[PDB]
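# Summary of structural features
Single-letter residue listing:
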Amino acid sequence: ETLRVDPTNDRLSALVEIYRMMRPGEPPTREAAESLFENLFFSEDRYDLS
Amino acid sequence: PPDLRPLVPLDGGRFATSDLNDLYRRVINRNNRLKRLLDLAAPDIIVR
Amino acid sequence: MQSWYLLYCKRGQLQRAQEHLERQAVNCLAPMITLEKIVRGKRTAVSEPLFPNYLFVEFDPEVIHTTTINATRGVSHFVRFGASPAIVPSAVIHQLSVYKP
Amino acid sequence: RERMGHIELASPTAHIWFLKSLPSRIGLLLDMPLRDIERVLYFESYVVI
RNA sequence: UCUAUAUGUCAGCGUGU
DNA sequence: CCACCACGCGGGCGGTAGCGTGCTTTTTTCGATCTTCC
DNA sequence: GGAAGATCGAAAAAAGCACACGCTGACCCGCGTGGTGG
């Protein structure tokens, strides 16, 4: 049902949607969205689990 | 009126600035700069 | 393609913001007016940037993101109306370049 | 304690009490949604007179 | 009552409830 | 003629991004549908 | 057969969260920019 609900169908569209949700009012750029997604949870300095 | 927003001395030569005084100062500064910009024949985007 | 954007700059760090922006290789613009006055007993024609705390930049958002410019040292914040940042048409820049008050 | 002052604004500014306190007085009077009201007030979209 | 001694929130609390 | 002392207005801070994150009740609006018609 | 109103769940915004008293600390612009008078 969740797969049916969402309109995104590719990795680039998902990254663009994630960037728009994270930072509203900014131009959606593929490299910027990729960097934001990488730094959200897969960056040592930005994200750290004790 | 100033008495409703006074500047009480702090026994050390300083004055405790009230929040209303700061807001009025900010508004006056913005009005003055907007007047200067309008008198400068500035374009539409900047004055907007 | 490269577009024109307007930025509020913090009072006093307009110069260092300009150097930082030139370090990132983007086009910058700010009106310039020279006025003659007495300083320390001598008359000098000192330059003063018209419309203080305002910068215009020609830059391409794809090659360099807007948030990177927003985080540049010495720059206060992008001038924006609504969610999206404001866009300065080329005619405004044309007038500003030929603006000689 | 009684004498007040006045500041002559170079441009008109809408009172925030009559604009944001639901229901919006300006929006109700003009019969327009609040969204376009805040858009035009805060310089986002033109409006025809 | 101008005769003295003529700041406020915040944070931490505690007391009576 | 140059190093310590005012100083005077924007102000989100600081940075070449992101910061947050344990309530309930009421009111307003919005998207998605629906459903009923002329 | 398309439109209008309509409605219904869901999302977003605003306001409130008892009283009284006693005590402690921390100020109540920082910083690039003159500017000065040694």
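Residues numbered from 1 in each chain as written, not as in the entry; some residues may be left out. Chains lettered and ligands numbered in written order. Part of a larger assembly, values for the part shown. Heavy atoms only, no water.

According to the UniProt record, the Subunit comment for chain C is "Interacts with both the nontemplate DNA and the RNA polymerase (RNAP). Monomer in solution." Taken from UniProt, the Sequence similarities comment for chain C reads in full: "Belongs to the RfaH family." (UniProt positions renumbered as here; feature names shortened; annotations may be inferred.)

Right, let's talk about the overall build of chain C for a bit. Helix and strand counts for chain C stand at 3 helices and 6 strands. For chain C, the α and β elements follow one another from N to C terminus as β-α-β-β-β-β-α-β-α. Here chain C, with 101 residues, has 39% of them falling under the buried criterion. Pairs at least 24 apart in sequence give 70% of the contacts found in chain C among residues at least 6 apart. Element-wise, carbon and sulfur atoms account for 56% of the exposed surface of chain C, whose accessible area totals about 5900 Å². Mean positive and mean negative side-chain charge positions of chain C (11 and 7 charges, respectively) differ by 13 Å. (Helix = DSSP H or I, 4+ residues; strand = E, 2+ residues; numbered from the N terminus. Buried < 20%, exposed > 50% of the residue type's maximum accessible area, 1.4 Å probe, protein only. Contact = heavy atoms within 4.5 Å. Areas by Shrake-Rupley, 256 points an atom, 1.4 Å probe, with all protein chains shown as cover. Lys, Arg positive; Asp, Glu negative; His and termini not counted. Charge placed at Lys NZ, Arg CZ, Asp CG, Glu CD.)

When you go through chain A residue by residue, the secondary structure sums to 3 helices and 0 strands. Ordered by position from the N terminus, the helices and strands of chain A form the series α-α-α. Rg of the C-alpha trace for chain A: 13 Å, well past the compact-globule value of 10 Å for 50 residues, more than 25% over. Summarising its shape, the C-alpha atoms of chain A cover approximately 35 × 25 × 15 Å along the three principal directions. (Rg over C-alpha atoms; globule rule 2.2 N^0.38 Å.)

Now for the interface of chain C and chain B. On the side of chain B, 10 residues touch chain C, which itself brings 11 residues to the contact. Summing the contributions of chain C and of chain B, the shared interface buries around 940 Å²; its carbon and sulfur component is 73%. A per-residue breakdown of the area chain C buries against chain B is headed by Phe51, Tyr54 and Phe81 of chain C, which together make up 45% of the total. Here chain C is connected to chain B by 3 residue pairs in polar contact. Those elements giving two or more residues to the side of chain C that touches chain B turn out to be β1 (3-9) and α3 (90-98) of chain C. (Buried area = accessible area lost by both parts, 1.4 Å probe. Polar contact = N/O pair within 3.5 Å; in protein donor to acceptor, adjacent residues only side chain to side chain.)

Further remarks concern the interface of chain D and chain B. Residue-level contacts link 10 residues of chain D with 9 residues of chain B. Our count for the chain D to chain B interface comes out at 0 salt bridges. Linking chain D to chain B there are 2 residue pairs in polar contact. Looking at the side of chain D that touches chain B residue by residue, the classes come out as 6 nonpolar, no polar and 4 charged. (Salt bridge = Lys/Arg side-chain N within 4 Å of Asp/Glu carboxyl O. Nonpolar A, V, L, I, M, F, W, Y, C, P; charged D, E, K, R; others polar.)

Another aspect to go through is the packing of aromatic side chains. Taken as a whole and judged by the stated rule, the model has 7 aromatic pairs over all chains. Judged by centre distance (6.4 Å) and plane angle (65°), the rings of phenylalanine 59 of chain C and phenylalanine 78 of chain C are edge-to-face. One end of the pair, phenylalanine 59 of chain C, is in strand β5 (residues 54-59); the other, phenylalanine 78 of chain C, is in strand β6 (residues 75-78), with 19 residues separating them in the sequence. Take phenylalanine 59 of chain C: its relative accessible area is 1%, and that puts it in the buried class. Members of the aromatic cluster, joined through ring pairs, are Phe37, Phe41, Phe42 and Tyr47 of chain A. (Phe/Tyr/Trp six-rings, centres within 6.5 Å; stacked < 30°, edge-to-face > 60°.)

Below, the discussion takes up the arrangement of the chains. Where chain A comes nearest to chain B, the C-alpha atoms are still 19 Å apart, and the two do not contact one another. No interface is formed between chain A and chain D, the nearest pair of C-alpha atoms being 14 Å apart.

Bringing the pairing of β5 of chain C into the picture now. Within a regular beta strand, the side chains point alternately toward one face of the sheet and then the other, so they alternate between its two faces. Residues and elements named next belong to chain C. The element β5 is largely enclosed, with a buried count of 5 among its 6 residues. Pairing of β1 with β5, which is carried by 6 bridges, proceeds in the antiparallel orientation. Pairing of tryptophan 4 across the sheet is with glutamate 58, part of β5. Two elements, strand β2 (residues 27-29) and β5, share 3 bridges in a ladder whose sense is antiparallel. When the sheet's bridge partners are listed, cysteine 28 is paired in β5 with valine 57. (Pairing = 2+ DSSP bridges.)

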